[PDB]
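Reviewing the structure listed below.
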Amino acid sequence: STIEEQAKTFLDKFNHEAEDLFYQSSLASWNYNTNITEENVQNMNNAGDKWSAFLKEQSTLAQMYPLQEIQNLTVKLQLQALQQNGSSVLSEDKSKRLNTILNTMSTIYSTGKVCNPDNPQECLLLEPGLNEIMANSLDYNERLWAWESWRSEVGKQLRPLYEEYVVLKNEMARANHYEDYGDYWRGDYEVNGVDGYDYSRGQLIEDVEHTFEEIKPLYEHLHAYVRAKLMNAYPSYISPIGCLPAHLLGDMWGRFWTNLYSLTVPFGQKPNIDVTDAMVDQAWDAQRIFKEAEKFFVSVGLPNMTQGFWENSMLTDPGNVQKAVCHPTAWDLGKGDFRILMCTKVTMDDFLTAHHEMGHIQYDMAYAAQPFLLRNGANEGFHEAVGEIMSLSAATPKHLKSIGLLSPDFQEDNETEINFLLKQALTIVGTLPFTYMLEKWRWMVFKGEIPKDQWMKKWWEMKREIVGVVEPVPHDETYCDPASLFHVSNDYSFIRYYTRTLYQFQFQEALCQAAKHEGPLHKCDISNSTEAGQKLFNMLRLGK
Amino acid sequence: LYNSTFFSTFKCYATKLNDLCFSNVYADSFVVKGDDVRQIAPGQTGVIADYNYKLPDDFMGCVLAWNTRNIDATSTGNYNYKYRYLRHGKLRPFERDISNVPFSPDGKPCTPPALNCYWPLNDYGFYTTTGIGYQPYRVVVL
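Chains D and B are the protein sequences, given in the same order. Residue numbering for the first sequence follows the deposited numbering, beginning at 19 and increasing consecutively. The second sequence lines up with residues 355 to 367, 371 to 499 when you count with the deposited numbering.
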């Protein structure tokens, strides 16, 4: 036979056994995260390592099958993701020592604490305690030193570990025939042989930098406007043309300006659109909210929830000794079974996060026709954008009128609409220069364009120009304050938060073009629009 | 069986309730995946009808099935039932294959776990938690 059908037959046993063994591990991953027990964490790492070892066998058995041999577009991209060497391309103990660094970086960044200069008995981790100070406190100098503390106690301990880390990952990346480990990141989005939507690795740098110039005016609108409001809250602490102090950015590192709403609200006496006072009016439960979400999905033409969803999920906290982590996550386990771990309470935000995580279950239903390795998102930025379509569209008060929570005769003036959307502009427009700076720093450091004695100098100078944030305490090279951030220290590519935020409003307006909403774009809902169901579903059944 | 709110398929290939005064009747009983049910029909150029059970195309009686996840699926795992997904040559109608031969698509001898050596029978893998079109249906083919 031709090697094409040999590549298919390789995946044929794979797509039914890796379907099995992933669902073995994800069941064990589910039943520990919903029933926290030492036996459940034992079998989760048992099944998770047998999954990875079975993934280790079938990746290396696909390494015998060259990708420049098959012209079939499906199993080309399947074997390409299979036979990536990754950490196998370095030496046997060099990458293991490299992963020992990742073991020790992730240990004392989660264990690393800050301790008060007058009371060293009261010590604080990243969450809670210290981020409580960095998001809610009002003192200039208490937030100033605590900002310095999280960058000193764990930034200095991350720095020589980050020195050895970036070299062996670059030697890993150049041994896989790349430029740097920034280029190994850029190899994710590259596609070959697909006309029109091809993507070079140089395309990612230039496309991010191009449309960020569209973001920059409205960001500099937000930059100049929150300086005037913070001068009124911090008199003579913030320069009127100087940039923002980094200990006053509402969060730990500068990503979200959302917590500045206490200090940057224009009209603090206007009400906020809140409907949880009507949720308990009709005595609603989580079974109402996820069914109202399911009704909101089927109102646009999407199918209903599976029977296996209602059988197998867990949308309440299980009270006593059966412990469950209460972060709302969509859990795609396999074998057509879809479920969500979420400690849903009677809440307007749990109402919107219900649509969010089941919005990921929507995308799980639609790659299900594809085989197991095309049962994924196409790139890393398509998942969270799909989940946030239902978050934005069902948060508009016209949906809140139709549900019966908000009264249908209730007024929505633009004085309360700008103040809520400026609060959202502190989130969305606040994180786009932070992400833009984040990878662009990471690009040049892994490329070698930034020397090791200029790592921290270029880091804080790029916040001066890109993010518009002057550091309030100067940092020399004893710090590793980019690694102070959780993404850099523990092997994350951060560019997906940029592209998702781009794509989700490329999709929202295209949904609002399909919804034919008459009013403003921030008041746009996709309710009862069957074209909004077809347009959304269509570009959701493709997968990878 | 005709007056039954217990079987899900009822595909005869109403009048056959009293039309039956024929000769001998064959009953084919087996368990499929709930999404494989489409390929239990005449033609059906796919894995179930190509390699597990091919059906005739001109004369045929009835096809009936019903949900048996409570019986034929095990919560810890029913890996017992298998199905053919690799064979050199599609099945004809009435043809039955039990050959557990290590598949090599190039006509060459095959000794697993070497290159291009696979087993022709995937386990079902049916739990009580799986999706709808992914359960065990007791199929009665007449």
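We treat Cβ as the ideally placed atom computed from N, Cα and C, and that holds for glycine.
Give me whichever residues DSSP pairs with residue 493/B in a beta bridge. As a working mapping, residue 493/B is identified with position 136 in the second sequence. Partner(s): 390/B.
Measuring CA to CA, which of 52/D, 168/D, 538/D and 66/D is closest to residue 347/D? The residue you call residue 347/D lines up with position 329 of the first sequence. Measuring C-alpha to C-alpha distances from residue 347/D to each of 52/D, 168/D, 538/D and 66/D identifies 52/D as the nearest.
Do we get a CB-CB distance below 8 Å when we pair residue 416/B with the residues of chain D? Within the second sequence, the letter at position 59 stands for residue 416/B. Closer than 8 Å: no.
Consult DSSP for residue 45/D and reduce its assignment to one of helix, strand or coil. Taking the first residue of the first sequence as 1, we reach residue 45/D at position 27. Helix.
Inter-stretch contact at 8 Å, needing at least 3 Cβ pairs: the region 84-104 of chain D / the region 164-180 of chain D: Between the region 84-104 of chain D and the region 164-180 of chain D there are fewer than three inter-stretch CB-CB distances shorter than 8 Å, so the stretches are not counted as touching.
Note down, one range per segment and in chain order, each alpha helix (DSSP H) of at least 4 residues found wholly within the region 154-193 of chain D. If one requires a minimum length of 4 residues, the alpha helix (DSSP H) runs lying completely within the region 154-193 of chain D are 158-171 and 173-193, in chain order.
If you measure beta-carbon to beta-carbon, which residues of the region 316-330 of chain D are closer than 8 Å to chain B? Within the region 316-330 of chain D, the qualifying residues are 324, 325, 326, 329 and 330.
Smallest Cα separation from residue 454/D: which of 539/D, 335/D, 480/D and 435/D? Translated into positions along the first sequence, residue 454/D becomes position 436. Nearest C-alpha to residue 454/D: 480/D.
Is the Cβ-Cβ distance between residue 494/B and residue 425/B less than 8 Å? On the second sequence, residue 494/B is found 137 positions in, with the first residue counted as 1. On the second sequence, residue 425/B is found 68 positions in, with the first residue counted as 1. Yes, Cβ-Cβ distance for residue 494/B and residue 425/B is below 8 Å.
Per DSSP, which one or two residues make a beta bridge with residue 563/D? Because chain D spans 19 through 562 in this model, residue 563/D falls outside it and cannot be assessed.
Measure the Cβ-Cβ separation of residue 430/B and residue 496/B and say whether it is below 8 Å. Within the second sequence, residue 430/B is the residue found at index 73, counting from 1. Within the second sequence, residue 496/B is the residue found at index 139, counting from 1. No, they are not a contact pair.
Checking contacts by CB at 8 Å: is residue 435/B closer than that to chain D? Counting from one through the second sequence, the residue named residue 435/B turns up at place 78. So, not an interface residue.
Within 10 angstroms of its Cβ, does residue 429/D collect 16 or more other Cβ (buried), or is it exposed? Start at 1 with the first residue of the first sequence, and residue 429/D comes out as number 411. By the neighbour-count criterion, in which 16 or more other beta carbons inside 10 Å mark a residue as buried, residue 429/D falls on the exposed side.
Where the alpha helix (DSSP H) through residue 204/D begins and ends: By one-based count along the first sequence, residue 204/D stands at place 186. According to the DSSP assignment, residue 204/D belongs to the alpha helix (DSSP H) that extends over 199-204.
Take residue 322/D as the anchor and find which of 61/D, 332/D and 309/D has the nearest alpha-carbon. To locate residue 322/D, count along the first sequence from 1; it is residue 304. The shortest Cα separation from residue 322/D among 61/D, 332/D and 309/D belongs to 309/D.
Curious, which full-length alpha helix (DSSP H) runs of at least 4 residues does the region 315-372 of chain D contain? DSSP runs (the alpha helix (DSSP H)) wholly in the region 315-372 of chain D: 325-330.
Measure the Cβ-Cβ separation of residue 282/D and residue 244/D and say whether it is below 8 Å. As a working mapping, residue 282/D is identified with position 264 in the first sequence. As a working mapping, residue 244/D is identified with position 226 in the first sequence. Their beta carbons are under 8 Å apart, which means residue 282/D touches residue 244/D by this criterion.
Close Cβ partners of residue 107/D (< 7 Å) along its chain, the five nearest in sequence each way excluded: One-based indexing of the first sequence puts residue 107/D at position 89. Excluding residues up to 5 positions away in sequence, 190, 193 and 194 lie with their Cβ nearer than 7 Å to the Cβ of residue 107/D in the same chain.
Return the chain-ordered list of same chain residues with a C-beta closer than 8 Å to the C-beta of residue 33/D, the five sequence neighbours on each side being excluded. As a position in the first sequence, residue 33/D is number 15, starting the count at 1. Cβ within range, chain order: 389, 390 and 391.
Would you say residue 486/B lies against chain A (beta-carbon separation less than 8 Å)? As a matter of chain content, chain A is missing from the structure shown, whose protein chains are D and B.
Can residue 463/D and residue 473/D be called in contact, C-beta distance under 8 Å? Residue 463/D sits at position 445 when you count from the first residue of the first sequence. Residue 473/D sits at position 455 when you count from the first residue of the first sequence. In contact: residue 463/D and residue 473/D (Cβ atoms closer than 8 Å).
Enumerate in chain order the residues of its own chain whose CB-to-CB distance from residue 210/D is below 8 Å, with the five nearest sequence positions on each side excluded. On the first sequence, position 192 is the one that residue 210/D refers to. These residues qualify, in order along the chain: 216.
Inter-residue spacing [alpha-carbon to alpha-carbon] between residue 91/D and residue 83/D: Position 73 of the first sequence, counted from the first residue, corresponds to residue 91/D. Position 65 of the first sequence, counted from the first residue, corresponds to residue 83/D. When rounded, the distance between both Cα atoms is 15 Å.
Beta carbons nearer than 9 Å to chain D: which residues of the region 465-484 of chain B have them? So the list reads 470, 472, 473, 475, 476, 479, 480, 482, 483 and 484, given in the order they occur along the chain.
Which stretch, first to last residue, makes up the alpha helix (DSSP H) that contains residue 242/D? Here the question's residue 242/D lines up with position 224 in the first sequence. The continuous alpha helix (DSSP H) containing residue 242/D extends over residues 219-251.
Tell whether a beta-carbon distance below 8 Å holds between residue 319/D and residue 548/D. Taking the first residue of the first sequence as 1, we reach residue 319/D at position 301. Taking the first residue of the first sequence as 1, we reach residue 548/D at position 530. Yes, they are a contact pair.
Compile a chain-ordered list of the residues in the region 66-90 of chain D whose CB is closer than 7 Å to at least one CB of chain B. Per Cβ criterion, the list reads 82.
Are the region 129-148 of chain D and the region 107-117 of chain D touching by the rule of at least three beta carbon pairs closer than 8 Å? Under the Cβ criterion (8 Å, minimum of three pairs), the region 129-148 of chain D does not count as touching the region 107-117 of chain D.
Is it the case that the Cβ atoms of residue 365/B and residue 411/B are separated by a distance below 8 Å? One-based indexing of the second sequence puts residue 365/B at position 11. One-based indexing of the second sequence puts residue 411/B at position 54. Going by C-beta atoms, residue 365/B is not nearer than 8 Å to residue 411/B.
Along chain D, which residues have their Cβ under 8 Å away from the Cβ of residue 443/B? Sequence index remark: in the second sequence, residue 443/B carries index 86 (1-based). Residues of chain D whose Cβ lies closer than 8 Å to the Cβ of residue 443/B are, in chain order, 27 and 30.
Any Cβ of chain D within less than 8 Å of the Cβ of residue 519/B? As shown, chain B starts at 355 and ends at 499. That puts residue 519/B outside it, with no answer to give.
Separation of residue 403/D from residue 518/D, as counted between CA atoms: Along the first sequence, one-based indexing puts residue 518/D at 500. Along the first sequence, one-based indexing puts residue 403/D at 385. In a straight line, the C-alpha of residue 518/D is about 5 Å away from that of residue 403/D.
Based on the DSSP output, what are the partners of residue 422/B in its beta bridges? Within the second sequence, the letter at position 65 stands for residue 422/B. In DSSP, residue 422/B forms a bridge with 496/B.
Inter-residue spacing [alpha-carbon to alpha-carbon] between residue 61/D and residue 338/D: Working through the first sequence from its first residue, we reach residue 61/D at position 43. Working through the first sequence from its first residue, we reach residue 338/D at position 320. Whole-angstrom Cα-Cα distance: 22 Å.
What are the boundary residues of the beta strand (DSSP E) that includes residue 478/B? The residue you call residue 478/B lines up with position 121 of the second sequence. Residue 478/B -> beta strand (DSSP E) spans 478-480.
Does any C-beta atom of chain B lie closer than 8 Å to the C-beta of residue 34/D? Along the first sequence, read from residue 1 onward, the residue named residue 34/D stands at position 16. Contact with chain B is found for residue 34/D, since one of that chain's Cβ atoms lies less than 8 Å from the residue's Cβ.
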